[PDB]
């Protein structure tokens, strides 16, 4: 009830990226934990951004975010309604859909965007926060099975990452693991078509 001392939630902060530009996928950190904490409070992030898949953090969580069609997309259960830190201060979400577990901000300057897939292909690849590339067979509009199941520990922190087609187009955004006794046999993802509808 004391408004003058009510606190403000910090911004989402880009702290690294999954580098996919060469022949080897690998994670890069671009900001450490203390600098992340400070940037979240100010919302002012002057670091150079590169690539399609960002590693992002709040004070309490770390996950991924993926640029498609000039929008940096991630999951509501990671970002909530938070702004993203940018060189000129905090930037408000331009998309928020809790029913899809989806949020989006204008893509940061220097990022590159994935192209939405139009291949109609069911052989997919999930990219994790550790830069593992996981073959996934599409099993429905929003589900795919891991060819080699992994404990959910392996996937934790990768929500907001992409599922890609063989040509590197974006097919969806990783949302939740389909888990049996702690083993992820399948994944739930936000189809790129759903992003495109949200954009309209």
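Numbering follows the first chain given and starts at 1.
Colleague: Quick check on the record: does 44-52 or 30-38 carry the larger mean Cα temperature factor?
Modeller: Per the deposited B-factors, the answer is 30-38.
Colleague: Which is higher in the entry, the mean Cα B factor of 109-117 or that of 93-101?
Modeller: Stretch with the greater average CA B-factor: 109-117.
Colleague: For the listed 68, 164, 59, 146, which has the peak Cα B-factor recorded in the PDB entry?
Modeller: Answer for 68, 164, 59, 146: 59, with the highest C-alpha B-factor.
Colleague: For residue 179, does the deposited CA B-factor place it in the lowest, middle or highest third of the chain?
Modeller: Residue 179: CA B-factor falls in the highest third of its chain.
Colleague: How does the C-alpha B factor of residue 20 compare with the rest of the chain: lowest, middle or highest third?
Modeller: Highest third.
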